[PDB]
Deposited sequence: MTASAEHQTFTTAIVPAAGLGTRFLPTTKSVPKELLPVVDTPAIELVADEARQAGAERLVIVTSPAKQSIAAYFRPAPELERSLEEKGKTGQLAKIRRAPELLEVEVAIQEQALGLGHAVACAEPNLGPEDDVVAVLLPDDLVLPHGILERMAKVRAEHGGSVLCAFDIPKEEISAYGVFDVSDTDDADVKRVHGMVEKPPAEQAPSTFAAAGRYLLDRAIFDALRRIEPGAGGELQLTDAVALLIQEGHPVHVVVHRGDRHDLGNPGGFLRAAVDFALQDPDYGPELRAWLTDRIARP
């Protein structure tokens, strides 16, 4: 049912300095393809027709990536680079792309709130994809849509992480449903020590939010910032159904250079253009300092 997916992209990417002084984090390549394209594609495959990218005035450049490049397409076609030509055609052809300008990076809730002018009356629910999380294979938003179909309200996403490894995450307080991968959300605890974690279900950056989230974001106490978790807790307090889908597949974390490199190596090893030679090189390389 959702048609509009929101991608919050207004943070600098401090962890990727000095590169992110000049390059938007969301345009950095995983092998050859930027994360913004990877999340755009995932959104489209889940039925999004429209993408609202929230960013700063300085990173408006992310928009151009979704514009055609006619001269480049011609030059590739003339060199017989049909595979490269298909690669560059992919992102502009995925969906309709708009930008919402968040003047100052006041956090995720504020970013989602800044997308509301880009919504129309048909947007009763919106998908939100954080571009630092890659959730593999495609399809978590379709699982979350089934939960919305059944229960109404809003739907979150979790990874299943042992309590001794979960303390970097927000962690859901949950109850069971009839589906082992679907829980009712009662609340969330930020970065609990292992022995205080309410579950093994760590908050992942995929959301299906009912339009009620925007009214909730206007009614929560602003910070020093609008905390999306506070708006979700307000909905829960007011009886809005909130459930979570537990992702069982793989995932990558592009929020720091180390997790980014893991993603790129994992993908390159599966690509015949690179994999065999990379694997042979790695085998030798890891045996020395």
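Asks: Tell me which segments of the deposited chain sequence are not represented by C-alpha atoms in this structure.
Replies: Those parts of the chain that were deposited but carry no coordinates are 1-8, 233-234.
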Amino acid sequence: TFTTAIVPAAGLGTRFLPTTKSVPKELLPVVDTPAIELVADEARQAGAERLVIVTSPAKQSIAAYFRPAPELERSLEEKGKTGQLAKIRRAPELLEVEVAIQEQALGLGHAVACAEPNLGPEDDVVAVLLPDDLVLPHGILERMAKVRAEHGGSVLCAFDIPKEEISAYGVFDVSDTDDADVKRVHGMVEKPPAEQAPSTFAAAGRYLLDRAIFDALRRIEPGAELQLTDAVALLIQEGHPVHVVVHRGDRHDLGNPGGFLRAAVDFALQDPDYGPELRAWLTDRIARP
From here on, numbers count along this sequence of modelled residues.
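Asks: Check the entry's C-alpha temperature factors for 134-142 and 105-113, then say which stretch has the higher mean.
Replies: Higher mean C-alpha B-factor: 105-113.
Asks: Looking at the deposited entry, does 91-99 or 169-177 carry the larger mean Cα B-factor?
Replies: Mean B over CA atoms: larger for 91-99.
Asks: If I read the C-alpha B-factors straight from the PDB entry, which of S154, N118, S199, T82 is highest?
Replies: Max CA B-factor in the entry, restricted to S154, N118, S199, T82: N118.
Asks: Just to confirm, going by the entry's C-alpha B-factors, which of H186, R74, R218, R206 comes out highest?
Replies: Among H186, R74, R218, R206, the highest C-alpha B-factor in the entry belongs to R218.
Asks: In terms of the CA temperature factor given in the entry, to which third of its chain does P29 belong: lowest, middle or highest?
Replies: Within its chain, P29 is a lowest-third residue by C-alpha B-factor, going by the deposited values.
Asks: Determine, from the deposited record, the chain-internal third of the Cα B-factor for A194: lowest, middle or highest.
Replies: It falls in the top third of the chain.
Asks: Against its chain's modelled residues, does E49's Cα B factor rank lowest, middle or highest third?
Replies: Highest third of the chain for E49's C-alpha B-factor.
Asks: Tell me, lowest, middle or highest third: where does the Cα B factor of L254 rank within its chain?
Replies: Tercile = lowest for this residue's CA B-factor.
Asks: Comparing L261 with the other modelled residues of its chain, is its CA B-factor in the lowest, middle or highest third?
Replies: Lowest third of the chain for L261's C-alpha B-factor.
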